[PDB]
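As structure tokens, one chain now follows by itself in the form solved without its partner chain.
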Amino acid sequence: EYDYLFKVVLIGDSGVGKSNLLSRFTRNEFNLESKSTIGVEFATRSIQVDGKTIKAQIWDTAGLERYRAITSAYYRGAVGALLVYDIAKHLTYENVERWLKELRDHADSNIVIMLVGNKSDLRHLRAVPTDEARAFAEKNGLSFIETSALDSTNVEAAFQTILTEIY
């Protein structure tokens, strides 16, 4: 069935599109009126990397900088993190530095991290330069991509790249 199980966590400010990324990748589904995530959940998908089949086990929770009982179990055994922002709200980009710190504080030291600018379909309303975002990602030892959970733009490739970076 599958050769490797990779646990990957989704992180970033509330509203940035984390849950729709998860539903786009795992179910090819999108919800425009999706509410803030109560609790913790995950969904899975198998991909090919090398000869090998890899089950991606993707975790999702609300984006909150506050401490929670669930934090340590959320990062526990996580081998990659998608750190996401909404390209049409600079604030969500501003808060990236803090989520990095959260990973420093909580995730494993060798966690593969990918910065993800989501909602790239919102191009009239761009608040975050791609070039700048990418310089920031390069500088901080991060993988980088822009996506639209709504379009499907780069959603598969986002997940493909972190999992290949993990394998």
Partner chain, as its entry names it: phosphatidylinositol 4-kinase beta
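Shifts are known only where both forms have a C-alpha. Positions refer to the first chain, counted from 1. The term rigid core refers to the maximal set of C-alpha atoms that superpose within 1.5 Å between the two forms.
Not on display, but discussed next: the form solved in complex with its partner chain.
Judged by heavy atoms within 4.5 Å of its partner chain in the bound PDB entry, the contact stretch among the candidates 135-143, 109-117, 26-34, 96-104 is 26-34. When its partner chain is considered in the bound PDB entry, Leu122 lines it closely, a heavy atom lying within 4.5 Å. Only one of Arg123, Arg27, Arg98, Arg68 has its C-alpha shifted by 2 Å or more between the shown form and the other one once the core is superposed, and that residue is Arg68. Annotation for the pair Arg68/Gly12: C-alpha atoms approach each other in the bound PDB entry, by 3 Å or more compared with this form. Note: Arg68-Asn95 Cα separation is 3 Å or more shorter in the bound PDB entry than here. Core-superposed difference between the shown form and the other one: segments of three or more residues with every CA shifted 2 Å or more are 64-69, 71-73.
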